>>> print(open('run01.cif').read())   # mmCIF, C-alpha atoms
data_input
loop_
_atom_site.label_atom_id
_atom_site.label_comp_id
_atom_site.auth_asym_id
_atom_site.auth_seq_id
_atom_site.Cartn_x
_atom_site.Cartn_y
_atom_site.Cartn_z
CA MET A 1 -1.22 2.20 5.81
CA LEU A 2 0.88 -0.95 5.39
CA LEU A 3 2.50 -2.84 8.26
CA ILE A 4 5.41 -4.29 6.29
CA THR A 5 9.05 -3.30 5.82
CA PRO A 6 11.31 -2.37 2.88
CA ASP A 7 13.75 -5.16 3.76
CA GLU A 8 11.02 -7.78 3.33
CA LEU A 9 10.17 -6.46 -0.13
CA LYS A 10 13.63 -7.32 -1.46
CA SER A 11 13.62 -10.55 0.54
CA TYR A 12 10.77 -11.76 -1.67
CA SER A 13 11.14 -9.70 -4.84
CA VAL A 14 13.56 -10.91 -7.52
CA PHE A 15 14.16 -7.69 -9.45
CA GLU A 16 17.66 -6.47 -8.59
CA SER A 17 16.28 -2.97 -9.14
CA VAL A 18 13.95 -3.30 -6.16
CA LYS A 19 16.73 -4.64 -3.93
CA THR A 20 19.55 -2.40 -5.15
CA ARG A 21 17.31 0.53 -4.25
CA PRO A 22 17.66 2.23 -0.84
CA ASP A 23 15.44 1.74 2.21
CA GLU A 24 13.80 5.17 2.07
CA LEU A 25 12.58 4.76 -1.50
CA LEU A 26 11.23 1.26 -0.87
CA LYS A 27 8.97 2.80 1.78
CA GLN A 28 7.47 5.26 -0.71
CA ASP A 29 6.73 2.44 -3.15
CA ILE A 30 5.11 0.21 -0.52
CA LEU A 31 2.85 3.02 0.70
CA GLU A 32 2.07 3.82 -2.93
CA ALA A 33 1.19 0.19 -3.65
CA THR A 34 -1.25 -0.24 -0.76
CA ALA A 35 -3.18 2.63 -2.35
CA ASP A 36 -4.13 0.32 -5.23
CA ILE A 37 -5.29 -2.62 -3.12
CA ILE A 38 -7.42 -0.33 -0.95
CA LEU A 39 -8.78 1.43 -4.04
CA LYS A 40 -10.07 -1.94 -5.22
CA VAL A 41 -11.73 -3.04 -1.98
CA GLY A 42 -13.03 0.48 -1.41
CA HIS A 43 -11.82 0.70 2.18
CA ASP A 44 -8.63 1.03 4.23
CA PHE A 45 -7.48 -0.21 7.64
CA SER A 46 -6.85 2.93 9.69
CA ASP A 47 -8.99 1.94 12.68
CA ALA A 48 -6.55 0.46 15.19
CA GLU A 49 -9.43 -1.80 16.23
CA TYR A 50 -9.70 -3.21 12.70
CA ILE A 51 -6.32 -3.71 11.04
CA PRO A 52 -6.62 -7.14 9.37
CA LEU A 53 -3.49 -8.47 7.65
CA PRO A 54 -3.88 -12.06 6.37
CA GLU A 55 -1.40 -14.02 4.27
CA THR A 56 -3.21 -13.19 1.02
CA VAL A 57 -2.92 -9.43 1.52
CA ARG A 58 0.74 -9.46 2.53
CA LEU A 59 1.46 -11.30 -0.72
CA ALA A 60 -0.62 -9.02 -2.94
CA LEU A 61 1.33 -6.02 -1.65
CA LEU A 62 4.66 -7.81 -2.03
CA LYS A 63 3.90 -8.34 -5.72
CA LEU A 64 2.60 -4.81 -6.31
CA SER A 65 5.62 -3.33 -4.54
CA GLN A 66 8.06 -5.07 -6.89
CA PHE A 67 5.94 -4.00 -9.87
CA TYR A 68 6.15 -0.29 -9.06
CA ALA A 69 9.72 -0.50 -7.78
CA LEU A 70 10.60 -1.84 -11.23
CA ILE A 71 9.02 0.99 -13.22
CA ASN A 72 9.87 3.52 -10.52
CA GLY A 73 13.41 4.25 -11.67
CA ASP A 74 14.36 1.76 -14.38
CA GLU A 75 16.90 2.55 -17.10
CA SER A 76 14.69 1.67 -20.07
CA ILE A 77 11.17 2.71 -19.10
CA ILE A 78 9.44 6.08 -19.48
CA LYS A 79 5.87 7.35 -19.14
CA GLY A 80 6.35 9.77 -22.01
CA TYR A 81 7.32 12.64 -19.73
CA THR A 82 4.64 13.04 -17.06
CA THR A 83 4.04 13.86 -13.40
CA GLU A 84 4.86 11.48 -10.55
CA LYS A 85 3.92 7.80 -10.79
CA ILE A 86 0.25 7.30 -11.65
CA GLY A 87 -2.08 4.32 -11.38
CA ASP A 88 -2.74 4.23 -15.12
CA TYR A 89 -1.30 3.02 -18.42
CA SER A 90 2.34 4.09 -18.76
CA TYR A 91 5.96 3.13 -18.14
CA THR A 92 6.63 1.77 -21.63
CA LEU A 93 9.03 -1.17 -21.82
CA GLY A 94 11.84 -1.97 -24.25
CA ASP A 95 9.52 -4.60 -25.70
CA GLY A 96 6.88 -1.98 -26.45
CA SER A 97 4.73 -3.73 -23.86
CA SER A 98 2.38 -2.14 -21.33
CA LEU A 99 3.57 -3.41 -17.94
CA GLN A 100 0.27 -3.83 -16.10
CA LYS A 101 -0.02 -4.22 -12.33
CA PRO A 102 -0.23 -7.74 -10.85
CA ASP A 103 -3.62 -9.47 -10.79
CA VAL A 104 -3.94 -9.44 -7.00
CA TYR A 105 -7.70 -8.89 -7.15
CA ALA A 106 -8.40 -12.48 -6.13
CA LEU A 107 -6.13 -12.03 -3.11
CA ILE A 108 -8.33 -9.20 -1.84
CA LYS A 109 -11.57 -10.53 -3.31
CA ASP A 110 -12.18 -11.99 0.15
CA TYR A 111 -12.03 -8.53 1.70
CA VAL A 112 -13.70 -6.42 -0.99
CA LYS A 113 -16.65 -4.43 0.35
CA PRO A 114 -18.09 -6.82 2.97
CA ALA A 115 -21.71 -7.04 4.12
CA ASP A 116 -21.42 -5.70 7.67
CA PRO A 117 -22.92 -2.63 9.40
CA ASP A 118 -21.04 0.33 10.88
CA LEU A 119 -20.27 -1.76 13.96
CA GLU A 120 -16.62 -1.31 13.01
CA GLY A 121 -14.47 1.00 15.12
CA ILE A 122 -16.29 4.30 14.76
CA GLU A 123 -16.84 7.34 16.98
CA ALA A 124 -14.35 5.71 19.35
CA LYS A 125 -11.18 7.64 18.54
CA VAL A 126 -13.09 10.88 18.01
CA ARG A 127 -14.57 10.62 21.50
CA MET A 128 -11.10 10.39 23.03
CA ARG A 129 -9.30 12.70 20.60
CA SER A 130 -11.92 15.38 21.19
CA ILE A 131 -11.77 15.18 24.99
CA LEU A 132 -11.20 18.11 27.35
CA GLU A 133 -8.09 16.41 28.74
CA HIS A 134 -8.52 13.42 31.06
CA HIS A 135 -4.78 13.53 31.72
CA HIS A 136 -2.10 15.22 33.82
CA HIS A 137 0.15 16.29 30.94
CA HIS A 138 -0.05 19.05 28.34
CA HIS A 139 1.80 18.05 25.17
#
>>> encode(input="run01.cif", output="structure tokens")
Amino acid sequence: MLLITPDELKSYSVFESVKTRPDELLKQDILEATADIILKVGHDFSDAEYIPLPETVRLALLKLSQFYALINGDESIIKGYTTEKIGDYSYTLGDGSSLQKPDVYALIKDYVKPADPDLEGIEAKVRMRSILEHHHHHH
């Protein structure tokens, strides 16, 4: 998942719609945006021993967040009556334009399917999560 906050989104974004929005909604958008960036690189950052967050990534998400937040509850944009937000063509604009996501591919192009083995954090959390106990507390 992302390691940012909803307050930061508005701090950078310019759309009054993204700022005017609450703090709970902003969270949903952010988490929904990171899904796109990860879908491009073809990998996430769940492993606690591998959660890289450069300056290029933080920016890419900041832009994507504002994008969705804009067509997330606008007052002049509709996807022609459809399910929840989808990562496809929709959210028509008053100018009959197709608001497309931000070109943040170059921002993640540096971390898009690297050339490294499975040395990454693997079989480490499963070895501890699947342990008999190794503790003096039963939660």
>>> closest_residue(input="run01.cif", among="A:41, A:62, A:132, A:25", to="residue 114 in chain A", atoms="all atoms listed in the file")
A:41
>>> residues_around(input="run01.cif", residues="residue 45 in chain A", least_positions_apart="3", cutoff="12 Å", atoms="all atoms listed in the file", output="list in words")
residues 1, 2, 3, 34, 35, 37, 38, 39, 41, 42, 48, 49, 50, 51, 52, 53, 57, 111, 120 and 121 of chain A
>>> atom_distance(input="run01.cif", atom1="CA of residue 58 in chain A", atom2="CA of residue 30 in chain A")
11.0 Å
>>> atom_distance(input="run01.cif", atom1="CA of residue 15 in chain A", atom2="CA of residue 44 in chain A")
28.0 Å
>>> residues_near_point(input="run01.cif", point="(8.1, 7.8, -12.3)", cutoff="7 Å", atoms="all atoms listed in the file", output="list in words")
residues 71, 72, 73, 84 and 85 of chain A
>>> write_last_selection(input="run01.cif", atoms="C-alpha atoms", output="short mmCIF file (atom, residue, chain, number, x, y, z; two decimals), in the coordinates of the input")
data_model
loop_
_atom_site.label_atom_id
_atom_site.label_comp_id
_atom_site.auth_asym_id
_atom_site.auth_seq_id
_atom_site.Cartn_x
_atom_site.Cartn_y
_atom_site.Cartn_z
CA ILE A 71 9.02 0.99 -13.22
CA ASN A 72 9.87 3.52 -10.52
CA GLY A 73 13.41 4.25 -11.67
CA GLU A 84 4.86 11.48 -10.55
CA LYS A 85 3.92 7.80 -10.79
#
>>> atom_distance(input="run01.cif", atom1="CA of residue 17 in chain A", atom2="CA of residue 96 in chain A")
19.7 Å
>>> residues_around(input="run01.cif", residues="residue 109 in chain A", least_positions_apart="3", cutoff="10 Å", atoms="only C-alpha atoms", output="PyMOL selection string")
chain A and resi 40-41+56-57+104-106+112-114
>>> closest_residue(input="run01.cif", among="A:136, A:131, A:24, A:124", to="residue 47 in chain A", atoms="only C-alpha atoms")
A:124
